[PDB]
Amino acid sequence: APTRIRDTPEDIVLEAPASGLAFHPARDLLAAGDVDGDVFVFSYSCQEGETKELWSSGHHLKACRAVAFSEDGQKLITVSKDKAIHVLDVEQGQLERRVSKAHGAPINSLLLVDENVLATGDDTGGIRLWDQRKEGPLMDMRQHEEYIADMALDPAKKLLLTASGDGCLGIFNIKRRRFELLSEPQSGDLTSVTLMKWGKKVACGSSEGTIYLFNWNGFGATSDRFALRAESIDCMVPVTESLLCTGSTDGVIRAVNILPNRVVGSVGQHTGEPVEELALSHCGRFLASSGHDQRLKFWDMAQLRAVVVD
């Protein structure tokens, strides 16, 4: 009394723009990592006043480019232009493990594979796989020629898929610690990669505003492409097996259906400011976006998930 409720959590206003963004797998927590290296965990709620910073930490002294929560919800893993990988505890953001010198170049991309294994990708295209129980990387692959923009995981956890600024989709066999192939290079930098259609399609967003599709186990060349009415796609996240959201340098977040390929419409925008990253809540209800306006914004996915069909 008074309880003031909205349809989404309030915007989170940051002091520096954030490339790192992830939702907790079981709790109403959102993590961000910013261009100064700072990392934050926020509680979020549709009740006004109840979206609050729970902790911040300043262990990285250069840009924190990606963050991810462990599957058990206990740890937050962060990577940085300082070339380090850190393991933090979710409760307080205390540093529990520091893996410095993890790459020879700034780390841009992070993907957790299982409770002991993760992959990192750097600004020169280097890909490494790590088991926390073994010293040194399991794999060191430099077939890519430009930065690793994004990575995705085979549901069977066999293949790691990579999107690179060299215009290629990369395929690595995690189980065999080996390179399989690079796709034919595309005209746009591949900024984003996600699995769609129950793992049967690979969707990659490009710096020219195209989405490329590849068939599963046909990674060598695209099976389809279509363009948005946008100059770029810089980040994507799947909402359903057919629907994903994109963020672009024009600041607009777009809902896009795959096969049939259609722009459903605009979810929202960071007016006139590039969208840097997206994430989806564990419950599926909220999309979060991080923009160059230094805001984390929440969007209700219910209207979409209703309208949406196989």
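Start at 1 and count along the sequence shown; that's the residue number.
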property: Segment of higher mean CA temperature factor, 141-149 or 226-234; result: 226-234
property: Higher-B stretch (mean Cα B-factor, as the entry records it), 196-204 or 121-129; result: 196-204
property: Criterion, highest CA B-factor; candidates, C283, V67, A63, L29; result: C283
property: Peak C-alpha temperature factor (PDB record), options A18, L287, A22, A302; result: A302
property: Modelled-residue ranking by C-alpha temperature factor, third containing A221; result: highest
property: Where the record places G49 (Cα B-factor, split into thirds across the chain); result: highest
property: Chain thirds of CA B-factor: placement of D38; result: middle
property: Chain-wide C-alpha B factor ranking for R176, given as lowest, middle or highest third; result: middle
property: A105 by Cα B-factor - lowest, middle or highest third of the modelled chain; result: lowest
